[PDB]
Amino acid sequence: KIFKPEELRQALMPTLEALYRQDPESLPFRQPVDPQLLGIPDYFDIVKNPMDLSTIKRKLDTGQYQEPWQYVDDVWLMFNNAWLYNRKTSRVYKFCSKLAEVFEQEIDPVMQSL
């Protein structure tokens, strides 16, 4: 099945804005992780493939996907990175898990749609 670029944005962006809407849980994820700014200099020794909401939003704003699981792939990569780097007890890890709950709720019916 082919997917028109304007169609994905209009049908996938609601799932993305549902993540941005989570405050404060989306705050760690709205911009790429800057290890020097954040005081976590070891981040890239653990996270080899970074991803964040702003990169996803900019991709989606230029239709730079091809089918929904591509977008899913980036969102899950952002989640997996955060669960790998941050400790289970940590605020950012818990924020990530909240976002992941919201995202599964929103993405399951949009995935059934196409």
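Numbers follow the displayed sequence, beginning with 1. By rigid core we mean the largest C-alpha set that fits within 1.5 Å across both forms.
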Query raised in the report: After a rigid core fit, does 38 to 46 or 24 to 32 show more C-alpha displacement in 7 other deposited structures of this protein?
Result: 38 to 46
Report summary line: Higher of the two mean Cα B-factors (78 to 86, 32 to 40; per PDB record) comes from 32 to 40
Query raised in the report: Looking only at CA atoms, which has the higher mean B factor in the entry: 53 to 61 or 22 to 30?
Result: 53 to 61
Query - Assigned third (lowest, middle, highest) for the C-alpha B factor of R91 - result: lowest
